[PDB]
Trainee: 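Let me give you the structure first, and then I'll get to my questions.
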Amino acid sequence: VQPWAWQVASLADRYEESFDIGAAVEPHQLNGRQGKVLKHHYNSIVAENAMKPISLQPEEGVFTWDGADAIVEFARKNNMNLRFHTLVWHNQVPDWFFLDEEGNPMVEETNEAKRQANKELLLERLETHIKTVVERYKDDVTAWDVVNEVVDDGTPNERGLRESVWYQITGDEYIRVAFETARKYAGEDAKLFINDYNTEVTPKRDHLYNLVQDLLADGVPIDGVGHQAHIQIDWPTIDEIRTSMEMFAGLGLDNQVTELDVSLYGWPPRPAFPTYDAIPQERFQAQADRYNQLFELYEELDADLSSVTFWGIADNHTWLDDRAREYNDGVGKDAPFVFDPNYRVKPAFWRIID
Ligand SMILES: [Mg+2]
Ligand code: NA
């Protein structure tokens, strides 16, 4: 039996010269054992869901701030930094954004002048969303995910831009406007990130690189790249991770690791173990070596890396379980963190605290 999380050395303290140590949270976890782990180990949080666009403006002019406020309030009381996730995304985003003034989907419109008008309306709505959220949280947020996942996994067009509805209506202008608007309202000191997953692998990595270089050339205000780091034990390689961060640092950008989790499985996640208890120790050891190498690399890059956030606290709550089930007939358990479902440490903890 391993010790409780609150009887071991603080992760935040261990890395205080290098980077913040963060966790994604839900409002209901901000007390009890999760609250205790959070206060002991972390100096940054992010909302797993409560600050996504649908979570804040489910219908036009109707803003739902409670869950988000609870998280901001907890960060404040416990002296934690706060990443904002996220101003722009193609999921968890309200349908009303993308209807013309006659209530029809803007994508269906074929008249060129009406399409132009729909583009302008959508960008107007985006600016209003951003302006309202920023005015409310600018004094609490220390990093903004201004856009999330705007780069494709394939090459449907030459720039590798995800062809979501945002793209279909505005091309790349939604991305421009999101940064310009965020900078305008949050001030020159705000830290503005473009966030994505598989930032370590090609061609995606290159599309993202080109996008940011293009945008920086046009004077669009991007301060850094958020590497979600939804990774596995052997993939991507340590070198792939390094190369990516070094590339973005070469453009004068900061890096943050934003949603770190180290799956026990590959992709797709199968065969998955059906319960936590069924998971054999070898998996936790292999994960511990992986974590050791990750955080040695992070430390090596700490001049160009300001924050590392895990996409959760302890192994009792992780979006990876949803994915494990989805590919194992509704049954499966992943275990991505350095803390177990009971908030006792796992082998990976010892290997990143030394
Ligand atoms: Mg170590
Ligand atoms: Na740093």
Side-chain angles (χ1 to χ4, degrees), residues 2-3 5 7-23 40-46 75 79-84 141-145 189-195 199-200 212 222-229 231-234 236-264 281-311 314-315 335-340 344-354:
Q2 294 267 22
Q7 295 183 8
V8 298
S10 175
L11 287 169
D13 291 346
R14 169 62 182 82
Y15 290 103
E16 66 192 327
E17 294 309 316
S18 284
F19 37 73
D20 288 355
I21 298 299
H40 191 86
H41 279 287
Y42 296 81
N43 58 5
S44 191
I45 59 178
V46 62
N79 300 310
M80 271 151 194
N81 287 349
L82 176 68
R83 305 190 79 262
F84 187 93
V141 173
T142 54
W144 296 88
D145 288 343
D189 295 347
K191 303 295 179 206
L192 312 186
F193 286 76
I194 170 164
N195 196 52
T199 54
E200 310 85 356
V212 302
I222 307 174
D223 306 303
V225 172
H227 303 258
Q228 289 182 17
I231 67 182
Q232 298 149 223
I233 283 169
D234 298 332
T237 68
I238 283 294
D239 197 41
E240 285 176 309
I241 294 162
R242 184 191 286 111
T243 296
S244 184
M245 291 195 205
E246 288 179 333
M247 286 171 62
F248 295 115
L251 298 178
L253 300 160
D254 189 29
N255 298 277
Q256 297 180 335
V257 172
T258 55
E259 310 183 10
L260 177 59
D261 48 32
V262 177
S263 186
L264 302 188
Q281 277 319 116
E282 173 276 332
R283 292 282 76 199
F284 299 121
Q285 287 302 330
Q287 171 183 70
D289 288 351
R290 166 60 146 181
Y291 263 123
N292 176 55
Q293 292 169 36
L294 281 166
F295 278 79
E296 279 185 347
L297 168 69
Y298 292 163
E299 269 194 301
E300 163 195 331
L301 301 169
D302 68 1
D304 300 302
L305 176 58
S306 58
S307 185
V308 175
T309 300
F310 296 96
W311 201 244
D315 285 348
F337 302 124
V338 312
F339 301 120
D340 79 10
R344 289 180 180 282
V345 303
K346 301 161 57 178
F349 173 82
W350 301 112
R351 304 295 305 285
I352 70 166
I353 203 65
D354 65 357

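Position 1 is the first residue of the sequence; numbering continues from there. In each ligand, atom 1 is the first atom listed, and ligand 1 is the first ligand listed.
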Trainee: Can you tell which of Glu282, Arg351, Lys346 makes a side-chain hydrogen bond (donor to acceptor under 3.5 Å, both in side chains) with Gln287?
Mentor: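 So, applying the side-chain hydrogen bond (donor to acceptor under 3.5 Å, both in side chains) to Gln287 and each of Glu282, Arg351, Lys346, only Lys346 qualifies.
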Trainee: Mind checking whether the Na ion (ligand 2) has an N, O or S of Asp304 under 3.0 Å?
Mentor: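 False for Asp304.
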Trainee: Distance only, no hydrogens: is a donor on one side chain within 3.5 Å (strictly under) of an acceptor on the other, for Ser244 and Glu200?
Mentor: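 No, because no side-chain N or O of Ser244 sits under 3.5 Å from a partner of the opposite role on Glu200.
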Trainee: Tell me whether the Na ion (ligand 2) has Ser18 as a neighbour, meaning an N, O or S atom of it below 3.0 Å.
Mentor: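 Within the cut-off used here (under 3.0 Å), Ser18 does place an N, O or S atom near the Na ion (ligand 2).
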Trainee: Using every non-hydrogen atom in the two residues, find where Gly226 and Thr199 come nearest and quote the distance to one decimal.
Mentor: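 So the minimum-distance heavy-atom pair works out to O-CG2, 4.2 Å.
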Trainee: Would you say the Mg ion (ligand 1) has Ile353 as a near neighbour, meaning an N/O/S atom of that residue under 2.8 Å away?
Mentor: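 Under 2.8 Å: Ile353 has no N, O or S contact with the Mg ion (ligand 1).
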Trainee: When you measure from the Na ion (ligand 2) to the N, O or S atoms of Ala303, does any of those distances fall below 3.0 Å?
Mentor: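 Here the distance criterion (N, O or S atom, under 3.0 Å) is not met by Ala303, so no.
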Trainee: State whether the number of non-hydrogen atoms from other residues, nucleotides or ligands found under 6.0 Å of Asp189 atom CG is greater than 12.
Mentor: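 Result for CG/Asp189: open.
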Trainee: Looking at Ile222 and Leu253, what are the two nearest heavy atoms and their distance?
Mentor: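 In this case the closest contact between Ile222 and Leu253 is O-CD2, 3.4 Å.
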Trainee: Under 4.0 Å between a side-chain nitrogen and a carboxylate oxygen: does that hold for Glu299 and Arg14?
Mentor: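 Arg14 and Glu299: salt-bridged.
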Trainee: Taking both backbone and side-chain atoms into account, decide whether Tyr291 has an N/O/S atom under 2.8 Å from the Mg ion (ligand 1).
Mentor: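 It does not: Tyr291 brings no N, O or S atom closer than 2.8 Å to the Mg ion (ligand 1).
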Trainee: Given the Na ion (ligand 2) as the apex, I'd like the angle to O of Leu305 and O of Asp302, rounded to 10 degrees.
Mentor: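 Nearest ten degrees: 90°.
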Trainee: By atom name, which N, O or S atom of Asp354 is the nearest to the Mg ion (ligand 1)?
Mentor: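 Among the N, O or S atoms of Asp354, the one closest to the Mg ion (ligand 1) is OD1.
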